[PDB]
Structures are given as C-alpha cells and as structure tokens.
$ cat upload37.tsv   # TSV, C-alpha atoms
chain	number	residue	atom	x	y	z
A	51	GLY	CA	-1.71	-2.48	30.08
A	52	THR	CA	-3.85	0.35	28.75
A	53	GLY	CA	-2.97	3.31	30.97
A	54	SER	CA	-2.17	6.81	29.77
A	55	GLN	CA	1.07	6.74	27.80
A	56	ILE	CA	2.33	10.15	28.93
A	57	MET	CA	4.65	7.94	30.97
A	58	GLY	CA	5.91	6.41	27.73
A	59	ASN	CA	6.61	9.70	25.98
A	60	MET	CA	8.17	11.17	29.12
A	61	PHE	CA	10.52	8.19	29.47
A	62	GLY	CA	11.31	8.29	25.75
A	63	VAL	CA	12.28	11.96	25.76
A	64	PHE	CA	14.26	11.43	28.97
A	65	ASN	CA	16.01	8.50	27.26
A	66	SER	CA	16.92	10.66	24.27
A	67	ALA	CA	18.18	13.51	26.46
A	68	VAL	CA	20.25	11.19	28.65
A	69	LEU	CA	21.53	9.52	25.48
A	70	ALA	CA	22.82	12.84	24.17
A	71	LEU	CA	24.32	13.89	27.52
A	72	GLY	CA	25.93	10.51	28.11
A	73	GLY	CA	27.29	10.63	24.57
A	74	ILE	CA	28.96	13.96	25.31
A	75	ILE	CA	30.43	12.21	28.35
A	76	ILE	CA	31.69	9.47	26.00
A	77	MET	CA	33.43	12.10	23.87
A	78	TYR	CA	35.09	13.41	27.04
A	79	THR	CA	36.17	9.94	28.18
A	80	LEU	CA	37.29	9.11	24.63
A	81	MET	CA	39.65	12.08	24.56
A	82	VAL	CA	40.87	11.02	28.02
A	83	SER	CA	41.49	7.46	26.81
A	84	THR	CA	43.22	8.64	23.63
A	85	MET	CA	45.57	10.96	25.51
A	86	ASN	CA	46.38	8.17	27.97
A	87	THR	CA	47.04	5.82	25.03
A	88	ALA	CA	49.33	8.38	23.39
A	89	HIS	CA	51.21	8.99	26.65
A	90	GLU	CA	51.70	5.29	27.37
A	91	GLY	CA	52.46	4.23	23.79
A	92	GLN	CA	50.36	1.03	23.82
A	93	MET	CA	46.90	0.60	22.34
A	94	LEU	CA	44.00	1.65	24.57
A	95	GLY	CA	45.67	1.25	27.94
A	96	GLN	CA	47.28	-1.74	29.61
A	97	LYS	CA	44.56	-2.93	32.02
A	98	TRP	CA	41.95	-3.96	29.42
A	99	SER	CA	42.12	-5.58	26.00
A	100	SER	CA	41.17	-3.78	22.79
B	451	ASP	CA	-6.29	25.95	25.34
B	452	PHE	CA	-3.94	26.42	28.30
B	453	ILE	CA	-1.15	24.23	26.90
B	454	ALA	CA	0.02	26.81	24.37
B	455	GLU	CA	0.20	29.60	26.93
B	456	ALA	CA	1.94	27.17	29.29
B	457	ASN	CA	4.75	26.93	26.74
B	458	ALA	CA	4.96	30.72	27.06
B	459	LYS	CA	5.34	30.71	30.85
B	460	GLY	CA	8.19	28.20	31.06
B	461	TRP	CA	9.06	25.21	33.21
B	462	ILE	CA	8.89	27.01	36.57
B	463	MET	CA	5.16	27.67	36.27
B	464	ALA	CA	4.33	24.03	35.47
B	465	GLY	CA	2.95	23.56	38.98
B	466	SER	CA	0.07	26.01	38.63
B	467	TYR	CA	-1.34	23.94	35.74
B	468	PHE	CA	-1.77	20.81	37.90
B	469	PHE	CA	-5.55	20.81	38.14
B	470	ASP	CA	-5.84	21.55	34.43
B	471	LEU	CA	-3.61	18.57	33.67
B	472	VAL	CA	-5.78	16.43	35.93
B	473	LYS	CA	-9.00	17.29	34.13
B	474	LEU	CA	-7.17	16.46	30.91
B	475	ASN	CA	-5.73	13.15	32.13
B	476	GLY	CA	-9.24	12.11	33.09
B	477	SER	CA	-10.58	12.78	29.60
B	478	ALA	CA	-8.08	10.25	28.20
B	479	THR	CA	-8.26	7.60	30.95
B	480	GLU	CA	-11.99	7.64	31.79
B	483	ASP	CA	-34.15	17.30	33.77
B	484	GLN	CA	-33.11	20.25	35.93
B	485	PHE	CA	-35.69	22.26	37.87
B	486	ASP	CA	-35.84	25.95	38.66
B	487	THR	CA	-33.63	27.13	41.52
B	488	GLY	CA	-33.57	30.74	42.65
B	489	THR	CA	-37.21	31.59	41.91
B	490	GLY	CA	-37.29	33.74	45.04
B	491	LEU	CA	-40.90	32.83	45.82
B	492	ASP	CA	-39.73	32.15	49.38
B	493	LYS	CA	-39.17	35.91	49.72
B	494	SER	CA	-42.95	36.35	49.46
B	495	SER	CA	-44.91	37.04	52.63
B	496	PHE	CA	-48.51	36.78	53.78
B	497	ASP	CA	-49.97	38.02	57.05
B	498	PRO	CA	-53.65	37.87	58.07
B	499	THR	CA	-52.97	39.93	61.21
B	500	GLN	CA	-52.66	43.02	59.00
$ encode --input "upload37.tsv" --output "structure tokens"
Amino acid sequence: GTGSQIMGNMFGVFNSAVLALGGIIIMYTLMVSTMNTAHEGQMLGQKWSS
Amino acid sequence: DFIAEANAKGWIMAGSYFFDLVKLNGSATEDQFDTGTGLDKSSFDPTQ
C-alpha cells in the first residue's frame, strides 16, 4: 500500500514500549523462577526441561 | 505550528487538535469577482 504511515510509527513506538514493559515483566518472572529453582534444588523447575 | 504547543499541553488535550490533525493528514494523503460592493443599498424613486 501507500497510505499514511503514521500507523507504522505508532505501531513501532507501541512495540518498543510494550517490549520494555514486557521485559520488566520477564525480570520479575525470572526472579520468581530463580527463587523457585533455589527452593526446589533442581534446575529451572520440574515441569519443563531446561 | 500547533504541534509544538501541543507538546506543551500534554496528552489529555490531544482531542482538541483533531481537526488540525485532519487538515494535516490530508496534506500528506491527497478569477474572483467583487462581492460586497453595496450598490444594492442604492435607491431611486421617480415619485419624489
């Protein structure tokens, strides 16, 4: 197409913002997974493989 | 020229710029004769 690409920039900046926010969520879930791994004693849980 | 001052107002006031945005989004996606002479105000009366 050839339409106005304000859509493209808007989606790109939304993608970057959601990337950063989701990444912060991955830090949170990574600390959760590491504390569960430490508590259990086996690598990265017991339900999924490493 | 509005865009700069829009950045001053903030995100809440983004609505009031709508029409401006429209006449911008068009610009990217897209003799005369005398009026008001007042000669009609003139009058003519033979009865006088």
$ interface_residues --input "upload37.tsv" --of "chain B" --to "chain A" --cutoff "8 Å" --atoms "only C-alpha atoms" --output "PyMOL selection string"
chain B and resi 475+478-479
$ atom_distance --input "upload37.tsv" --atom1 "atom CA of residue A:59" --atom2 "atom CA of residue A:78"
28.7 Å
$ atom_distance --input "upload37.tsv" --atom1 "atom CA of residue A:61" --atom2 "atom CA of residue A:79"
25.7 Å
$ atom_distance --input "upload37.tsv" --atom1 "atom CA of residue A:62" --atom2 "atom CA of residue B:477"
22.7 Å
$ residues_around --input "upload37.tsv" --residues "stretch 466-470 of chain B" --least-positions-apart "3" --cutoff "12 Å" --atoms "all atoms listed in the file" --output "PyMOL selection string"
chain B and resi 451-457+459-463+473-477
